[PDB]
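Only one structure is covered here, and it is reproduced in the block below.
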Amino acid sequence: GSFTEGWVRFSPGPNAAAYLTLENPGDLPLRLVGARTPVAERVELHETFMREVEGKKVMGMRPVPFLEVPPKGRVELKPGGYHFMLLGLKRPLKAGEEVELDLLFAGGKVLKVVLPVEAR
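In terms of the authors' numbering, the sequence shown opens at residue 1 and continues consecutively.
Printed below as a string of structure tokens:
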């Protein structure tokens, strides 16, 4: 209560991103396997992480097979956590658009949400 939300990323590039809060009102769990929009072609869900290398800490991004959520729970697709990559843009993303987005859930579920476009 809340209104807990996200932004699709402003970018006149070959690619962009989408970020959001997602929370499950159901009594069984969710598993988020992708999402889908008019404003881009190849959508992919990525992680964004810290990992160690040369004994030293390093940070980066990576596509994953899914995210998931317990019943009554929440995950945020925060830039330092999880997000969608948006490749092959069907318009350059302008801050102060809105985007429709079909969130894909394991088996035969999809739930269409709206998010504003924003410059972060």
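Just so it is clear, CB atoms sit at the ideal spot from N, CA and C, and this is done for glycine as well.
- Item | Residues bridged to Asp102 (per DSSP) | Here residue 102 refers to the residue found at position 102 when the sequence shown is read from its first residue. For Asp102, which the question treats as bridged, DSSP gives the partners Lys112.
- Item | For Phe3, three-class secondary structure by DSSP | For the purposes of this step, residue 3 is taken as residue 3 along the sequence shown, with counting starting at 1. In this structure, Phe3 counts as coil in the three-state DSSP scheme.
- Of the listed residues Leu87, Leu30, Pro25, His83, nearest to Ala40 (C-alpha basis): Position 40 of the sequence shown, counted from the start, is the residue given in the question as residue 40. Selected option, being the one with the closest Cα: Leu87.
- To which residues does DSSP link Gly34 through a beta bridge? By one-based count along the sequence shown, residue 34 stands at place 34. Bridge partners of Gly34: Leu104.
- Note down the Cα distance separating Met50 from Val69, rounded to an integer number of angstroms. As a first step, residue 50 must be located in the sequence shown, where it is residue number 50. As a first step, residue 69 must be located in the sequence shown, where it is residue number 69. The alpha-carbon atoms of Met50 and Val69 are separated by roughly 21 Å.
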